[PDB]
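Contents: one structure, followed by commentary.
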Amino acid sequence: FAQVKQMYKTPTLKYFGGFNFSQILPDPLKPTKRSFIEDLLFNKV
Amino acid sequence: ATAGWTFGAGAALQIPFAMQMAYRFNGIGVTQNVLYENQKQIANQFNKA
Amino acid sequence: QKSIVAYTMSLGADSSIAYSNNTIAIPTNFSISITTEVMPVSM
Amino acid sequence: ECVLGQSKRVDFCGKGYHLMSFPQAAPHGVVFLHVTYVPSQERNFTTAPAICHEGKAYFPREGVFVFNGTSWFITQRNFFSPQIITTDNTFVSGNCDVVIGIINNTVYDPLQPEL
Amino acid sequence: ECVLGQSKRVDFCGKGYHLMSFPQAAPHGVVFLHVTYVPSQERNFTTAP
Ligand SMILES: *[C@@H]1O[C@H](CO)[C@@H](O[C@@H]2O[C@H](CO)[C@@H](O)[C@H](O)[C@H]2NC(C)=O)[C@H](O)[C@H]1NC(C)=O
Ligand SMILES: *[C@@H]1O[C@H](CO)[C@@H](O)[C@H](O)[C@H]1NC(C)=O
Ligand SMILES: *[C@@H]1O[C@H](CO)[C@@H](O)[C@H](O)[C@H]1NC(C)=O
Ligand SMILES: *[C@@H]1O[C@H](CO)[C@@H](O)[C@H](O)[C@H]1NC(C)=O
Ligand SMILES: *[C@@H]1O[C@H](CO)[C@@H](O)[C@H](O)[C@H]1NC(C)=O
Ligand SMILES: *[C@@H]1O[C@H](CO)[C@@H](O)[C@H](O)[C@H]1NC(C)=O
Ligand SMILES: *[C@@H]1O[C@H](CO)[C@@H](O)[C@H](O)[C@H]1NC(C)=O
């Protein structure tokens, strides 16, 4: 994991050109900073 | 999402997503004009996936 | 004076880059560097 | 793969764009030293995905459009090398009505002065 | 090699021509999801070298 040189902050909008990223980028309203599919994967094992 | 392949060397570079696609198509031998002609179709297919 | 401390690690230098609809950044200069890598092939 | 030829797989042969490697002996091992290219000093510019002339769309090949505040130019993505946009820099495709953000522009024809 | 740049070695980064990958965390592991291009609907034509 630790190969990124600097951690960029999550952008405000989640919609670039039509591509919907709201399922893979997190959102502030939910209590957990984990993303949607991340929190689904974490449920299954 | 924004830097693309460019933050692998240097810090990062800024480029709109829809201009990234013309490069990643030109990398596969599909001429970049394929994208902008019917951008909507690709976007919808991506979301359905 | 120095002493032993304990603290929470800082994963990196937090940076924010503005996103614009129609702008690009194009490097105007370059540099060369030499890295060094080591591997053991014998016992 | 590094010493005998230029690698093309990111971070395999140096932390950058890779040019060469030279081996040096060492006890129970070997040491490699990689020569790598690193760009810097970027500048923010203005873009447009395509330009319209005569009601037809011209896409760029081997470059990207940029605006420097005076006139439009095409440059390499790695090093800033502006050149005057001319017919052979581009290929015509599609039509202007189909695409987003196309900008009215004039492309030079180098057969125009010869006639 | 997949996330930071476009791979060019067949089947290494997805079962197709490869565009991108995005990582997602998981317990004791990691999950990758690869975006790939796949053509279809071929037509028979006549040729001459
Ligand atoms: C991108 O997809 C997200 C799904 O996460 C959309 O957000 C949902 O939209 C539905 C439709 O009204 C709502 O019922 C949900 O409450 C929304 N949030 C969820 C599911 O977390 C979003 O609308 C899509 N983007 C656009 C531009 O529509
Ligand atoms: C994209 O361009 C449109 C059209 O001019 C503009 O309204 C918008 O502010 C730009 N930026 C976006 C959508 O982030
Ligand atoms: C690049 O930076 C170097 C410093 O190493 C400087 O000498 C040079 O003038 C700069 N510009 C170019 C085009 O090399
Ligand atoms: C360069 O980026 C800065 C912010 O980092 C911005 O204020 C400026 O407008 C950009 N230059 C342009 C768009 O020419
Ligand atoms: C844009 O480039 C042209 C061609 O070199 C030059 O004449 C002009 O001065 C440049 N624009 C600015 C604002 O410097
Ligand atoms: C120039 O662009 C405008 C809108 O930006 C468009 O209405 C017009 O047809 C284009 N061409 C000319 C010659 O005005
Ligand atoms: C396409 O292939 C079919 C058999 O699969 C063949 O009968 C037909 O002639 C081909 N089309 C051509 C050669 O145009």
Quick check: is even one residue across segment E:19-37 within 10 Å of the chain's Cα centre (by Cα) and not in a strand (DSSP E or B)? no
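Could you tell me which residue of segment A:1-32 is farthest from the other protein chains (Cβ to nearest Cβ), considering only residues that are hydroxyl-bearing (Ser, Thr, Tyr) and not in a loop (DSSP other than H, G, I, E, B)? Steps first, please.
Pass one, segment A:1-32, residues hydroxyl-bearing (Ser, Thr, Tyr): A:8, A:10, A:12, A:15, A:22, A:32.
Those left that are additionally not in a loop (DSSP other than H, G, I, E, B): A:8, A:15.
Values: A:8: 6, A:15: 10 Å.
Of everything passing the filter in segment A:1-32, A:15 is farthest from the other protein chains (Cβ to nearest Cβ).
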Output the residue which, of all residues in segment D:11-26 that are crowded, with 21+ Cβ neighbours inside 10 Å and at the interface with another protein chain (Cβ under 8 Å from one of its Cβ atoms), is nearest to residue C:41 (Cα to Cα). D:14
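When you scan segment E:27-48, do you find a residue that is exposed (fewer than 15 other Cβ atoms within 10 Å of the Cβ), within 16 Å of ligand 7 (Cβ to nearest atom), away from chain B (no Cβ under 14 Å) and of a type in the set (A, V, I, L, M, F, W, C), even just one? Talk me through it step by step, then tell me what you get.
Within segment E:27-48, the subset exposed (fewer than 15 other Cβ atoms within 10 Å of the Cβ) is E:27-33, E:36-48.
Filter once more, keeping what is within 16 Å of ligand 7 (Cβ to nearest atom): E:40-48.
Next, from what is left, pick out any that are away from chain B (no Cβ under 14 Å): E:41-48.
After this cut, where a residue has to be of a type in the set (A, V, I, L, M, F, W, C) as well, the list is E:45, E:48.
Yes, that holds for at least one residue.
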Hey, could you check segment C:18-43 for residues that are within 16 Å of residue B:7 (Cβ to Cβ) and out of contact with any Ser or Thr (no Cβ under 7 Å at 6 or more places or on another chain) and say which is nearest to ligand 5 (Cβ to nearest atom)? C:25
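Every residue in segment D:49-81 that is more than 11 Å from residue C:27 (Cβ to Cβ) and within 10 Å of chain C (Cβ to nearest Cβ), please.
Narrowing segment D:49-81 to residues more than 11 Å from residue C:27 (Cβ to Cβ): D:49-74, D:81.
Correct list: D:49, D:64, D:65, D:66, D:67, D:81.
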Restricting segment D:21-74 to residues that are charged (D, E, K, R) and within 27 Å of residue B:13 (Cα to Cα), the residue that is farthest from ligand 1 (Cβ to nearest atom): D:62
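Just checking: which of the helices (runs of 4 or more DSSP H) contained wholly in chain B hold 3 or more residues that are more than 7 Å from every other protein chain (Cβ to nearest Cβ) and within 16 Å of residue E:18 (Cα to Cα)? I'd like the intermediate steps shown before the answer.
Details: elements: B:17-26, B:33-37, B:39-48.
Hits in chain B: B:17-26.
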Which of the residues belonging to segment C:1-39 are more than 7 Å from every other protein chain (Cβ to nearest Cβ) and away from ligand 2 (no atom under 16 Å from the Cβ)? C:1, C:2, C:3, C:4, C:5, C:6, C:7, C:8, C:9, C:10
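Every residue, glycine as well, gets a Cβ built from its backbone with ideal geometry; the counts of neighbours run over all protein chains shown. Computed from the coordinates by the stated procedures, all read-outs in this text should not be read as laboratory data.
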